[PDB]
Amino acid sequence: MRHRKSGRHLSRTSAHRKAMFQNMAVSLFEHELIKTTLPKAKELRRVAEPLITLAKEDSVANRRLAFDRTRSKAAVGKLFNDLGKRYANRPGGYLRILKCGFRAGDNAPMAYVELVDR
Amino acid sequence: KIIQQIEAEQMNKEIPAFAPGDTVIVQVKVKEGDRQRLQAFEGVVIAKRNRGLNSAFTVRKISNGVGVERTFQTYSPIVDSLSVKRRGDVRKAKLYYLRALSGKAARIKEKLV
Amino acid sequence: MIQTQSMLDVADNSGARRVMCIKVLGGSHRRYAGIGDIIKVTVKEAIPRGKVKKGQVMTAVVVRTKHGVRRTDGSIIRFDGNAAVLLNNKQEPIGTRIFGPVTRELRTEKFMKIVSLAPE
Amino acid sequence: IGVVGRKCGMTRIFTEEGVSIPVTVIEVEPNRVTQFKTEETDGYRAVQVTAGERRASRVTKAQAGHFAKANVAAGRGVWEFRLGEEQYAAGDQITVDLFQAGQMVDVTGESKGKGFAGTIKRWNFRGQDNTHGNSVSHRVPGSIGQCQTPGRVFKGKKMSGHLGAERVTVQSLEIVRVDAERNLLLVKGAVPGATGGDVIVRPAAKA
Amino acid sequence: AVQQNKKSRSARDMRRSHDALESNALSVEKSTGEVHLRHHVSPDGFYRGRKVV
RNA sequence: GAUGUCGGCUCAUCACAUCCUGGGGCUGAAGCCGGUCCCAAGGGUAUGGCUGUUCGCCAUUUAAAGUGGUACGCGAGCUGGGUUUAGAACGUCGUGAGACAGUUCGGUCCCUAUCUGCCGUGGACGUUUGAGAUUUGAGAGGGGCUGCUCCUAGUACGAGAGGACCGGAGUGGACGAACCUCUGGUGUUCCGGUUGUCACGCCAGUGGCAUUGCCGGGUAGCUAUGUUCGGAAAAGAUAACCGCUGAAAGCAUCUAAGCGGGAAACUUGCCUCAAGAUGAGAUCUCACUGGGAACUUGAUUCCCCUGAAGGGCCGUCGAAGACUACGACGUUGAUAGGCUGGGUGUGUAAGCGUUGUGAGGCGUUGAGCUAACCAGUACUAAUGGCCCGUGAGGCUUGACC
RNA sequence: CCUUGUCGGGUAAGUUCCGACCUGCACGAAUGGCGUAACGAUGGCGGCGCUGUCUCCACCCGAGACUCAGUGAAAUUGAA
RNA sequence: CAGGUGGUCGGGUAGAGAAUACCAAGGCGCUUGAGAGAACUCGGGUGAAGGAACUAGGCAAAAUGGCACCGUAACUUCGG
RNA sequence: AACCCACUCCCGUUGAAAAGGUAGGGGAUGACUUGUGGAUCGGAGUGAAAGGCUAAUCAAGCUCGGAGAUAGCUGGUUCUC
RNA sequence: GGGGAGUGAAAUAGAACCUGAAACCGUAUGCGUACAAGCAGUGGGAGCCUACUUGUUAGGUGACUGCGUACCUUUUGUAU
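Taken in sequence, the protein lines are chains A, B, C, D and E.
FYI, in the UniProt record's numbering the residues of the first sequence are 1 to 118.
FYI, in the UniProt record's numbering the residues of the second sequence are 4 to 116.
FYI, in the UniProt record's numbering the residues of the third sequence are 1 to 120.
FYI, in the UniProt record's numbering the residues of the fourth sequence are 3 to 209.
FYI, in the UniProt record's numbering the residues of the fifth sequence are 2 to 54.
The following block contains the structure:
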């Protein structure tokens, strides 16, 4: 009935969601602008932004708490050194979502998701 | 911010600090036959809700060879007082595995000394 | 106990050891019977000489459930095991001796004898 | 006559003797009379009220002029109350003060929208069996009607769809507490709807 | 479960009296001067007076 | 040129020849009980052991376990146990192939709903200028059950035994509605423990896969088995029944005039829908106060200007939802996400120190993490865009101007 | 067949089951009669465990259903 | 086109194993997707209190599950 | 376990499949399973037997002829007064 | 795949090519259709719109209204 129930299923298992969302997090932390479907953009912002908030503080516990949930060495290095010193004075909202037409093969509503000071 | 103040005006103190695993003695109120008195209920605290006014705790006693769990309502005035007899090492929050252990198996360790 | 064909212990001295509820007395189709309610049992297992023999249809009061009884503040007592106390026709308990605790919800006009005998 | 408030969720009260009484708390921001409908000018006796705070940009000019006849400066919704014989001027302010404790009361809100229920959830039907040979239909309704007499389904047949946001009155609920300093009714038991839904509290029809 | 009669032109077309289209949510950038969907990035990559891509 | 059985399940719907509950009359009705016959169809009206069973017989309940019509209601809703194709066997009949007032084991149940119907939910247009809101109620639906202990009273009554109606609570059952504060269930979106293996260079730490690998718990939400509420009282017109007065028919007679009492039936009372109630109702408020031409003068058509009140598209969403609709909000902004606190859950993280030979303990440390929850906060996203909707609302008649 | 024969046991209750009885409608000795350890995806009864079979279903997870984009059947049909 | 089709080779860790689980060499993402998160339907997960009351019938499910040691009844053709 | 089989449920029945799939199940050193080649054929084969099988066909295959079999049966039979 | 230009007597003879019917599918114009119940017509009939030239006409719609259960085949008989 999903009264007050957050999260969306995206026609997937939960492990598939977890893999796809930390993939999109890693790909956005390297490219700083990716292009995806609008619901996956709406659900990326609940995965990817706590990683930048976590990255605003250098600890060993913070860098292997980042590493177990974004599991790539390059994105833990991109965080804590670039994203997290940049976003150190911004209270949330580290990424914006801009709708960009529709996909040609589907009609999947597309969106750009972009780090805010890029 | 409204129903969190209807609650807080009723939560005047009754309570010590107790954990799951502790043995407590609850002093409960009874009233039948035109009298007010206290009946003790000693046993092992196995559960705790911590919902403010809606807080509860389950406690297990083995009286006359059979088990009995009472889930007390914490800020009810039936629970007149509470006292931790001994307190135990459990490293759990809900000790429901004690419902299957029977005798010496259902003994709670004392590392918490 | 709570339902026809529930097996439940006997808290009496010279009767059964296991009874089985065959009917929940009360309404038209009461499906449940808690503490203080009146079931009718058959005796499935009993002691070699005693007042009650095996396969005898009898009435019993349910004194001890593991669904439990609930008080006027939302506190439940919840036993570990279902047990009944057998009764005669003019419903007085057959045993002169009652084992284990009962609860306070049982001292009505008719079952004061049970609460008076119990080691609650 | 009654009052309009919003449901703030359910709480509990312990009495001193030790019984916990289940309590819903209906927050009543004070209701403001907008019209007084008289049988001479309207055909029946009633009073319109308002409960607070709509934005200025969401109040239309027709609605703002209606709220500016009565110098009320008024808010979300407009409700009505049939009256027997009571006189309200069009600026008056009816509060929780028209309720005492004790004071059996009827409370109406809109029930929680269950979406499109099936016949088991909507009309408490029985399910068929789950295993004993049963083909695809374990939870479906059974037959609808009879065969060729009448050869159609009777009207009002219990079928499935929308256990929703219908208006539900829950009647004879006792008032536990009238808390006029911070504008609250505490009401014994359940009340239809979710938290923050609008809810109409007027005295009991079965007294 | 089939029809016992073929459906006429008239009832066939009355069924599809509902399936006509709309998409009128177009607007013009003040800067560039081109049409795009509301709340969407332009086909030349602009959005509210700023290039974003 | 096919209308596919019996039974069970699921769902019903009507009758009344009434099973309970309600109202009466007579009695060979002292009272508890009854017997029978009227009136009444509002609501209720078992679970099981056996057998394929319908039925039946038992067991135990209940206030009662009603009788019937509906293709012996209901298989384009389910079953497929019985009958029942092909296999086999027993007894019997037949020389035999085979057969049965017969038994016995085994044995494929197809359909995506066009139309009527029905349950929901919209889109159009119309309601006489248009709009935002609030409404009256013609009509319709739901609801309607009942047990027990007590209180006058061991009284009235009855030698006694026995046992009341009628007065009013308070506690159940079944049913129904709402709700989630409590009790619990769930909780693959939270936190742990753990096995096997693989990986992140490695140690540590951790992550994939093993049904969520297995499991311990558990937030919100949904939820029953949990909580709360309900059936009424009251009124009216009555059914049998009980009548007052009262003749026809000096009397007697409920009746022929005329007046009364009288039931869960009927109409209200209770809840919900309800002006597509084309008979389209009513309120309060808001918006529009420009020219010209042709032809035909409810005047229409065309051009120019002007497009208001408001509605919508769109966006952020919802305890609203299949899509809708509904509801809230759109920078003059807390609508969602993030963020900052709290809370809740889990249960003492990592790292470092310390003890030990090591597994592993002790500190730091109720620590770390924490979803949907609570409060705050413009950091991100809701763009001073477009489209519809117009320009004072016909005529006749009457009354007051 | 009568037939759910009668009696015993098992159950609160047993047309089924097991043990008898013998009035065998209509058993019977290689179309074999009686037993019989072991062996059956064999028939019938009972028990312990076990449980969503059930009381009575609640919630959750995926796959359809629903909406959007692309492609695009069918049986049937005198006309409506 | 979820089917069928003879023979050959066969690594690690766990393992009796060529079972199985995770992997190596090697191969692949099964040629419609995007949303949404109603009824119902399918394939699963957990389930209070009962524990076969379900049903023609425990059908389905739930359960048991290994290795070593101990122990093990009637009956028997002496092997079980 | 492979392999061979097909007892049960559920699905599927316009199928992914003119006989399958998923869970379970039976045999699994033999009266076993299987490749390749060969033999038996239509009142005729083969059959641990069921009217089973003999090219999705079986109480007498398929095809071509006799042949436009026969039908006291069914259906149909076309412009006008 | 078209829009022109050319060729040709002709390209609405353009190669899927003479003619190019009906089923079936469209666009445009006129009129009628959102309080009305059924073999869809037929008798009556207002209104409107076009051509004419006007009227006691011609074409097109057909509000409203009376009557009205297809065709075949088989039959004692069929809306069936």
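Note that beta-carbon positions come from the ideal geometry of N, C-alpha and C, so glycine has one too.
What are the start and end residues of the alpha helix (DSSP H) that includes residue i?
i        : result
A/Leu38  : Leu38 to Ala55
D/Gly67  : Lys63 to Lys71
E/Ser11  : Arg10 to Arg16
C/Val115 : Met112 to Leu117
A/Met24  : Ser14 to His31
A/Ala75  : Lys73 to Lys78
D/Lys123 : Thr121 to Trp125
A/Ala66  : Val60 to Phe67
E/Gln4   : No alpha helix (DSSP H) holds E/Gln4; DSSP gives it neither H nor E.
Taking Cβ to Cβ, would you say residue i is nearer than 7 angstroms to residue j?
i        : j        : result
D/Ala103 : D/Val180 : yes
D/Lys9   : D/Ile28  : yes
B/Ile9   : D/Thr13  : yes
B/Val48  : B/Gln42  : no
E/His41  : A/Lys42  : no
A/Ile52  : A/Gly84  : yes
B/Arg63  : B/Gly46  : yes
A/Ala48  : A/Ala19  : no
D/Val107 : D/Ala53  : no
B/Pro23  : B/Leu115 : no
C/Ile22  : C/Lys51  : no
C/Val43  : C/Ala16  : yes
A/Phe21  : A/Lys78  : no
A/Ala108 : A/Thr36  : no
State the beta-bridge partners of residue i as determined by DSSP.
i        : result
D/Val25  : D/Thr13 and D/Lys190
D/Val170 : D/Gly111
B/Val62  : B/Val48 and B/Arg73
D/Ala48  : D/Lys39 and D/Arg84
Which residue's Cα is closest to the Cα of residue i: the options?
i       : options                                 : result
C/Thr96 : C/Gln3, C/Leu86 and C/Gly68             : C/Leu86
D/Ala76 : D/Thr151, D/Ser59 and D/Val107          : D/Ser59
B/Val29 : B/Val87, B/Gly91, B/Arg40 and B/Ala109  : B/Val87
D/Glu31 : D/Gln95, D/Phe83 and D/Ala119           : D/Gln95
B/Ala11 : B/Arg40, B/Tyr78 and B/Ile65            : B/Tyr78
E/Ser24 : A/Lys73, A/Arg96, A/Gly101 and A/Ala55  : A/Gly101
C/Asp9  : C/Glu105, C/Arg70, C/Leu106 and C/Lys66 : C/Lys66
D/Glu55 : D/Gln37, D/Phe38 and D/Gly79            : D/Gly79
D/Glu88 : D/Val138, D/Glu112 and D/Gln50          : D/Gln50
C/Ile2  : C/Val62, C/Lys54 and C/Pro119           : C/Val62
In the DSSP assignment, find the unbroken beta strand (DSSP E) run with residue i in it and report its ends.
i                      : result
residue 117 of chain B : As shown, chain B starts at 4 and ends at 116. That puts residue 117 of chain B outside it, with no answer to give.
B/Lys112               : No beta strand (DSSP E) contains B/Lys112, which DSSP labels as neither H nor E.
B/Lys97                : Here B/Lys97 belongs to no beta strand (DSSP E), and DSSP marks it neither H nor E.
D/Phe38                : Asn33 to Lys39
D/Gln150               : Per DSSP, D/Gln150 belongs to no beta strand (DSSP E) and is neither H nor E.
C/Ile76                : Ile76 to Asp80
Self-check item: the segment 90-104 of chain D in contact with the segment 132-152 of chain D per 3-pair CB rule at 8 angstroms
Solution: Flag = no, the segment 90-104 of chain D and the segment 132-152 of chain D do not touch.
Practice problem: State whether the segment 65-79 of chain B contacts the segment 72-79 of chain C, with contact taken as three or more CB pairs (one from each stretch) at a distance under 8 angstroms. | Solution: Output reads yes: the segment 72-79 of chain C touches the segment 65-79 of chain B.
Quiz prompt | Meets three-Cβ-pair contact criterion under 8 angstroms: the segment 152-164 of chain D and the segment 106-126 of chain D | solution = Counting Cβ pairs under 8 angstroms, three or more are found: they touch.
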